[PDB]
Every structure is written in C-alpha cells, then in structure tokens.
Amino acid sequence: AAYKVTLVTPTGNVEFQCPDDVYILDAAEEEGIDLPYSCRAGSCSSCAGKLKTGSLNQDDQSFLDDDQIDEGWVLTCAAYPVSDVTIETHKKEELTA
C-alpha cells in the first residue's frame, strides 16, 4: 500500500508516506522536497543515495552493477519502496565502482 520513507539529507531528516507504486524521488517532490536529479531514467549517478535500512525494488534502474547494489547504492529516480526505509541522499560525489 504505502510506506514510511525517512531521508537523511544534508540539511536535515524529513519523513513522508510513499505508495508502493511511486518512485521515491517523485514522492519526495510531491511533498515539496528538493532532491538532485538529471536524466530521471536510471542511467546516471546524479540521484544516488545509500540505503541504510529496509528493502527496495530497483528493477527499472540500469546503471549500477550487482556489486554496487549489494554495497547498498540506490538510484532514487527509479526505486520503489517495498517496506519502510531509511536512505541517505546527495551521495553522487561518493560513488565508486
């Protein structure tokens, strides 16, 4: 149905409810949150975050390798929450292979 998203952003924590059928980024936008993005199509590092707690569905993304996913990397424009989750945002500059 919908779940609780906690985002840890540079300027502060913010929470909001997100339907299992809406991407994290879009939901955040809708609540009035400004998150970084560029392509909006899952093929770049711009909207990257690090999943701290919880599960996500990242099938629509195509840029990260299985290893990176395993490391806990997430592309917020292409991720659906499958449970409540905590995510650290604005991590593009920390990404490595």
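Note that residue numbering begins at 1 and tracks the sequence as displayed.
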{"property": "Peak C-alpha temperature factor (PDB record), options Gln17, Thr9, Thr76, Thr86", "result": "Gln17"}
{"property": "Among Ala41, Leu35, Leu64, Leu51 - the residue whose C-alpha B-factor is largest in the record", "result": "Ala41"}
{"property": "Ranked C-alpha temperature factor of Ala97 among modelled chain residues, by third", "result": "highest"}
{"property": "Entry-reported Cα temperature factor of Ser46, expressed as the chain third it lands in", "result": "lowest"}
